[PDB]
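Participant: Protein chains in written order, with the working numbering: chain A, 426 to 1090; chain B, 110 to 367; chain C, 3 to 657. Here's a structure for you.
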Amino acid sequence: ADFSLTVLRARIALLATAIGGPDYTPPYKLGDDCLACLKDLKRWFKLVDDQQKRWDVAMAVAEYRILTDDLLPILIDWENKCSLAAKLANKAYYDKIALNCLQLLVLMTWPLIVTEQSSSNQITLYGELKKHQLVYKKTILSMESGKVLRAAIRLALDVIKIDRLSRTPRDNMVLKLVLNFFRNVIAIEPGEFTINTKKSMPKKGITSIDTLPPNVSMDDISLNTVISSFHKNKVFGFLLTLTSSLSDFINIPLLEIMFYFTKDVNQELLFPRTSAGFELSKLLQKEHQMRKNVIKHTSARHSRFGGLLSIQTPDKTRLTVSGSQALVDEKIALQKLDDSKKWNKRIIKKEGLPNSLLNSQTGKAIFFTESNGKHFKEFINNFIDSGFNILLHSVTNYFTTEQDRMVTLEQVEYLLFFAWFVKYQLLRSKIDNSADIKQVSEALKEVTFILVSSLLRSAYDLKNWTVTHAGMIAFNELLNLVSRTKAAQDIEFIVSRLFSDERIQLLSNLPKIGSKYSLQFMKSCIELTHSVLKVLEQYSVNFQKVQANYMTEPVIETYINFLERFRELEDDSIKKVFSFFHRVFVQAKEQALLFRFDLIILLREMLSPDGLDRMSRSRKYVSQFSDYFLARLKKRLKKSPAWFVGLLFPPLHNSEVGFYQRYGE
Amino acid sequence: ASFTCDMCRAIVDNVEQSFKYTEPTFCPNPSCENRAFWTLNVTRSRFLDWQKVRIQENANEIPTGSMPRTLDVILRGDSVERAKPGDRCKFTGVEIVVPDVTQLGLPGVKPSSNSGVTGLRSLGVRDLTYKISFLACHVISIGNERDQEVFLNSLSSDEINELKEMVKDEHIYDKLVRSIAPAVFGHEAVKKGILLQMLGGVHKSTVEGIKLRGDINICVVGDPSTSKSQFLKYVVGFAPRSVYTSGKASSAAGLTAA
Amino acid sequence: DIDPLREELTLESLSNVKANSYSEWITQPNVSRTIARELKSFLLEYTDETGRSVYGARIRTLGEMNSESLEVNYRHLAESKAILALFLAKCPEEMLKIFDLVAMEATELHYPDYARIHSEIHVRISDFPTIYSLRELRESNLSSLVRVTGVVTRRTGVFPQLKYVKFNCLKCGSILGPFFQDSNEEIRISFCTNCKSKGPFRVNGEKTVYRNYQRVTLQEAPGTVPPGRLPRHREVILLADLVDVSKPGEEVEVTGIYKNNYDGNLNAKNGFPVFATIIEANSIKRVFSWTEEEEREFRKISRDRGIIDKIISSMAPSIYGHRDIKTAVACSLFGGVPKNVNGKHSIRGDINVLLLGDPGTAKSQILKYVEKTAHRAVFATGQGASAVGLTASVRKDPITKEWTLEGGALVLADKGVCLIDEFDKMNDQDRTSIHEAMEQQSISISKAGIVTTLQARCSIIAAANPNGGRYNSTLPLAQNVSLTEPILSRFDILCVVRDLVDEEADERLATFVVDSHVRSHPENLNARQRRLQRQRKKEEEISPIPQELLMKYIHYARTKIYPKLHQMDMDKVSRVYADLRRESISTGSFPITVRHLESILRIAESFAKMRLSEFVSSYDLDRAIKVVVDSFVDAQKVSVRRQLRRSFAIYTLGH
DNA sequence: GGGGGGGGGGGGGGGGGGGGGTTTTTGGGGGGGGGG
DNA sequence: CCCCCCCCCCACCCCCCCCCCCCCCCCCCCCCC
Ligand SMILES: Nc1ncnc2c1ncn2[C@@H]1O[C@H](COP(=O)(O)OP(=O)(O)NP(=O)(O)O)[C@@H](O)[C@H]1O
Ligand SMILES: [Mg+2]
Ligand SMILES: [Zn+2]
Ligand SMILES: [Zn+2]
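Shown next as structure tokens:
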């Protein structure tokens, strides 16, 4: 009962007074028995919140501001003691409270996850408890430019000094704990607005998803602040020299840190591919095209002017609409008579991991400042140039073992980590000849292919769609790299025999199921399919034997459902879809399968003035496709008036007439 | 705005506000059943200084003496109270529509009762209407600091040097009097008096509370042939915080206060 | 390590605020218990430099007065445990809630069973250091303690308001626990806790408790608002002990909490989410009260043989000469004794004075001084005073839609003075409104169905120029001034003020005036203490007793002392009045009337009042006769004034 | 390997309950006009 | 020219709406042909 809660909160408040405080003689000063008090607070975390599965101490500690107002002052001033002394060299004791402060920071910043196994109290407290971690992330990054980060690296340097031979299990743990601190500080991200669904929605939905507490802004949490404070505390230098020193107890958290940096940033944002103002002018012109389009869809006189059109149909019957512009344009009248319907078909629905490229909105960029972009890109450049192959070899040499116990989070973060840096180095090398494909050579060592294949095959068999999607992404970048090294030249021939049979079948069956899943799932299926087809064509066991496994209606449904988002897709993705159509329809000549009205509607909606950019290369491809498509449909209808009705339906799987429908003799 | 739920102590925060007083539609707690039962947390929520001011078309800009057209201007934050009644001002900011917030649905208010717009689900059968208002982010007017430091420390150093080159002149006193009312010829004694009126005496308060007048009262007796009103036109044109009035046109009340 | 219901903290921990907000810190129960001990320690162990506990003495006084209010000085809290003072400024609603409980505990310790006399105590914060004008209030002041000045423009009636209220649910077990009512919002019951559902509700009949309530509109003082700008205002709410501590038209200084609430009317008519605002008062100020030592100082100086003359010299000390005017003003300002003969005949105690004379003779300045010095005062020059603006008026009440009275100047200054400068400039219809209030000491309005008589117990002091702008000593009084006999007779001291060229008199006066101007120049141990000391050093050059002492002495003498006539020289006053009447047969002379006979007695009583003497001595009566006879003689034309002064000398130069 | 049937979730419709919906007199001040 | 007068202006049923409950429809999964 809540009496226990007020007793708890009272205890935590008294402990908050025991830690320390400012001294007017302003400087922060530790309390008497400070180490015992910090130990008792750590005890409270284990004793209550872990062992009873509560998070009540984790809430109370935020209420009484212990992290922001004691522990960060302690760590920053201890860092100042050690750094000022380092130029000049009872520290042997104060080092202990600094370590225990870092332990408490790792506890209070520990990434919260809620599942079915989480307690009722935990899932109740989750939403507000996340907010205090966001305050912690802000304060950790901002306070004295984040000098606590320098305190953390000093605590790590104080075991890196003693040899690889010297470091005890406790020293190894301390280094791993510092990595968990950096990982946590990166990893905190705003929570999701978790609505109760017992009671029906009112006449207005949710007012806003915003979960940030009032003293936080999303810019405080943005990657710009992380990169700035990490650069100004040389965290990047620490990580680079740490991975340079890898010659493996800590390898999983270090991998995890690189995942947590990469997980939501797009590689091409780090490359250009008055300039900002010029581009603003370009943006304004692009939306002005939409203005001159919506103007034609707008009444030239006021809304109450209200002249009535009547559409007489081809039969002796009449419809009526009020569209003032529609009086001179039956196109508008028809689509308005369609939009007038009150009816809509009812539509259908559909956690222990963070948001990422796996599930963001497809165009969701991160807006680096130029200095932060430079600092981040040079850091990951130096990482590729030093740490990639050894770290990937280290963690994959682990992960070939213990696959059965590889938790889902660990799987998805590993696959995404692999894919992101492979894609990045390919892009940097396509930009600069000075950058080497072989600097990510560990990707191609067959152990890696075997592991990623095992993860994809197992996740598909286990119907783990999350890891399935991530392994699909990893396969896309692996095949991308493989095609590049095929041009750069043996391993290409080797994998080009290993992905035979069962792997062909599995890859063929991802886009059969993909139509049921989110837009990013479908996008990754399409991307994989294009990569697979270009790889197999570069090889070209038989080409027709493989591609026939793809050319079937469930795959076409995935392609159409992906293409329904054309306004929100990128031009290159439309190009990829229409190149697939180009092969299937023009070259492979299974043209019957695309004579279906969903495509017809979609073609008109994007070729309409309300659709694609007039000067778009993808518009050029859709126009080029559509002329030939209409010509072929005209031919088939002239040869088959039955196909006027067949256009409406799935084609006939009763082969005895199905062949005739498909080809028409 | 920021609200605490009635049936559980959870808090919604950073709630943006429409023109109506806007309360949250859903409880953030996945356990909770609440909709639309709330208490506003006055301490966590943030208000802003707000002030409506009504302006009318300038008297010299009306085309043929018809009625002046009017507008409602909203001032906020640091920009409030810079306007004043009867002041002539220049504002800049946003031209905005302001809905009839009663018609839009509002806690504790029965709706009000030109044809509006309807069909919007919040309105049901009602039809919404809009006034125009101007959300002004900036204001200036376009129509006694009696300590040396608070005056001097506002000046440009150029102005400081002009002041120094003026006080250096031993016979500036003559130059001041000849700078009074330069468009009227002669009458040195009157000009000297007007100088010694804009330069007042030092107002004093006695230990007993009895005040002594500092201001200086001057009379300029003259035939209607004399260039007499020129002095009043000059000093009302020149001197800050001054007025012109005519003896018979103004009554006793009209002079002191009505 | 500690009982959680009695865990407590150090003072340095309290300065080490570590909740998100001040209110979250005050309500944290370990902090709250510590705050309780802290304020209790302040009320116990804070002392005056004499070593006396101030709040010991104040609590003692509170119980002796059976008061619900404890006056706490903020500066005493800023002087000791100043973190509590900061909390009190930043978060008064919580902090006063704690401090009230502490004050009740302290007085219950000092007076056992004071819970039977009042169940609750309110700490009335005073001397809060920082002040705002109503124009100056802003968002950053919301829920802060503020100190504000204004004039109470409109005071509503005194009402009972619910304080602790139980409610009945008509479903389930009906009774609901006591909600505490605030000053802004009705209690909302979204759901009944006992059946966890919506429902209808009623106030409970088993128990409920009430507190007094009164709204006041507080407005910018007319001289404080800059010219041209409109007066700003706020609603002030007075609760419990504070109701009727002010009345309409009084300037007040208010300490309270600037609070706000949602109001759909304000939003509706303005179209923005903009909230109504109030000040919930926690103290109200109008200076004329005194301490026991101040009382002893009055008793000490009253023994002085020259005290009447030292008072008279102290009247308007920066005005030279005019000792007759200073005497008339002194007599008026102390006043006589109002009397009521078995309830069958009531008699005026107030003394009315007319300052008639030439321009530039300090008459207006004397009246402004009296406005400075009198405990209730109002000032209204000439054409600025209408008949109903002087006595009283009726208005169609804008919120009640019925007729109601509005008290004029002679109501506002009841038991006080009214000061009509430039009295000869009034319209005669305005002037003749004075009569009833000036003798019968009442106003009898009968208008718009209202019929009632108000009290108007004023001493009126008026200043006038003679006809044509200057006096003429070859004319008798009635030809010097246009005022008729019924109004002249009511001004029962007359002072005639002539501006004559006289070389050594003008020498002395001019010397005094230039000395006064340098003595009043603005530029002419801490600095504030030193400056107040310098002001006292300047003041004792011209005021035989301190002006601050003189105001409280006047107020004391007015309220405590009621001199009896005794041992009366009945034959002397009779012969004085008989001779004054006989020589007043001169057609234009000052019209001696029975109210002047009673004026001698009022003036003698006022002189005994100046001595704090409950009996009128022969010296008081002789000085009164000297004043009245000199006032009569001075009004006569030069053709007869020597002969009359010689004839009357037997009554007055014997003193 | 595809189609049918069974079972579960989600949405929509219908019903029921509830709450909301100006002239005439009197007094005062100020302005304007007329008579001595 | 001054004062007084007098004139003017002003203060219980029905509809909209919202909530609750029940049934039906649509999708997914499993079994049978
Ligand atoms: N005896 C005096 N001592 C000091 N100051 C004086 C004296 N007589 C006049 N004055 C000054 O004269 C000025 C005018 O005073 P004031 O009170 O207006 O005179 P008054 O009697 O009212 N004349 P008037 O208003 O024309 O009837 C003030 O500033 C006074 O300080
Ligand atoms: Mg005067
Ligand atoms: Zn809730
Ligand atoms: Zn109930």
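All residues carry an ideal CB built from backbone N, CA and C; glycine is no exception.
#1: As a quick exercise: from C:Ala464, C:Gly656, C:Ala580, pick the residue whose alpha carbon is nearest that of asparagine 354 (chain C).
#2: Can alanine 415 (chain C) be considered in contact with ligand 2, in the sense that its beta carbon sits closer than 7 Å to one or more heavy atoms?
#3: Which partner residues does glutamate 204 (chain B) have in the DSSP bridge list?
#4: Determine, for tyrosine 489 (chain A), whether the minimum Cβ-Cβ distance to residues of chain C falls below 8 Å.
#5: Pull every residue with its beta-carbon under 7 Å away from any heavy atom of ligand 3, and keep them in chain order.
#6: Can you tell me where the beta strand (DSSP E) with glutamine 126 (chain B) in it begins and where it stops?
#7: Would you call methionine 572 (chain C) buried or exposed, if buried means 16 or more other Cβ atoms sit within 10 Å of its Cβ?
#8: Whose Cβ in chain A lies nearer than 8 Å to the Cβ of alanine 21 (chain C)?
#9: Nearest-angstrom Cα distance between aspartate 644 (chain A) and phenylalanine 793 (chain A)?
#10: Quick one: grab the DSSP three-state call for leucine 240 (chain C).
#11: Considering only the beta carbon of each residue, do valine 286 (chain B) and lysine 300 (chain B) sit closer than 8 Å?
#12: Please state whether the Cβ-Cβ distance between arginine 288 (chain C) and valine 254 (chain C) is less than 8 Å.
#13: Out of B:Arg185, B:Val210, B:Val207, B:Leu215, which has the shortest C-alpha to C-alpha gap to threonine 201 (chain B)?
#14: For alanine 465 (chain C), is the beta carbon positioned less than 7 Å from some heavy atom of ligand 2?
#15: If we ignore side chains and look at the alpha-carbon of each, how far apart do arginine 137 (chain C) and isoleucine 280 (chain C) end up?
#16: Please tell me whether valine 218 (chain B) has its Cβ less than 8 Å away from any Cβ of chain A.
#17: What first and last residue would you give for the beta strand (DSSP E) that runs through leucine 869 (chain A)?
#18: Using the rule of at least 16 other Cβ atoms within 10 Å of the residue's Cβ for burial, across every protein chain shown, is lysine 165 (chain C) buried or exposed?
#19: Let me check one thing: in DSSP terms, what residues is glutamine 160 (chain B) bridge-paired to?
#20: From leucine 369 (chain C) to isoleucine 462 (chain C), what does the alpha carbon distance come to, in whole angstroms?
#21: Classify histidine 324 (chain C): buried if its beta carbon has 16 or more other beta carbons within 10 angstroms, exposed otherwise.
#22: With a threshold of 7 Å (Cβ to nearest heavy atom), would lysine 374 (chain C) be considered close to ligand 2?
#23: In terms of residue numbering, what span does the beta strand (DSSP E) encompassing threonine 151 (chain C) cover?
#24: Taking Cβ positions only, does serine 15 (chain C) come closer than 8 Å to chain A?
#25: Contact criterion: CB-CB distance below 8 Å. Does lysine 129 (chain B) meet it with respect to chain C?
#26: Where does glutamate 506 (chain C) fall in DSSP's three states?
#27: Would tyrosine 685 (chain A) pass as a contact of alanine 612 (chain A) if the rule is Cβ separation under 8 Å?
#28: Between A:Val847, A:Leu880, A:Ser883, which has its C-alpha nearest residue 396 (chain A)'s C-alpha?
#29: Would you list, in chain order, the members of the stretch 145 to 174 of chain B that have their beta-carbon closer than 9 Å to a beta-carbon of chain A?
#30: Between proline 133 (chain B) and chain C, is any beta-carbon pair separated by less than 8 Å?
#31: Buried or exposed, going by whether 16 or more other CB atoms sit within 10 Å of the CB of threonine 564 (chain A)?
#32: To which residues of the same chain is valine 247 (chain C) closer than 6 Å at the C-beta, ignoring the five residues directly before and after it?
#33: At a cut-off of 7 Å, would you count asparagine 170 (chain C) as near ligand 4, judging by its Cβ distance to the nearest heavy atom?
#34: So with CB distances below 8 Å, who are the chain B contacts of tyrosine 371 (chain C)?
#35: Please determine whether the Cβ atom of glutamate 424 (chain C) lies at a distance below 7 Å from any heavy atom of ligand 2.
#36: Does any C-beta atom of chain A lie closer than 8 Å to the C-beta of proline 137 (chain B)?
Facilitator: If we stick to the structure as given:
#1: C:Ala464
#2: no
#3: According to DSSP, which records beta bridges pairwise, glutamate 204 (chain B) is partnered with B:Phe243.
#4: yes
#5: B:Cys114, B:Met116, B:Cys117, B:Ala119, B:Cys136, B:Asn138, B:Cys141, B:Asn143
#6: Per DSSP, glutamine 126 (chain B) belongs to no beta strand (DSSP E) and is neither H nor E.
#7: exposed
#8: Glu488, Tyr489, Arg490
#9: Looking at the two C-alpha atoms, the distance is approximately 11 Å.
#10: strand
#11: yes
#12: yes
#13: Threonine 201 (chain B) has its Cα closest to that of B:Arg185, out of B:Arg185, B:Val210, B:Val207, B:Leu215.
#14: The beta carbon of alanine 465 (chain C) sits closer than 7 Å to at least one heavy atom of ligand 2.
#15: 14 Å
#16: no
#17: Element bounds for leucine 869 (chain A): n/a, residue is neither H nor E.
#18: buried
#19: B:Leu184
#20: 10 Å
#21: buried
#22: no
#23: 147 to 157
#24: yes
#25: yes
#26: helix
#27: With contacts defined by Cβ atoms closer than 8 Å, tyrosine 685 (chain A) and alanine 612 (chain A) form a contacting pair.
#28: Only positions 426 to 1090 of chain A appear in this structure, which leaves residue 396 (chain A) out of reach.
#29: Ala145, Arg153, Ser154, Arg155
#30: no
#31: Classification of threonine 564 (chain A): buried, given that the 10 Å Cβ count is 16 or more.
#32: Excluding positions up to five away in sequence, the list reads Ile286.
#33: no
#34: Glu317, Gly318, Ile319
#35: yes
#36: yes
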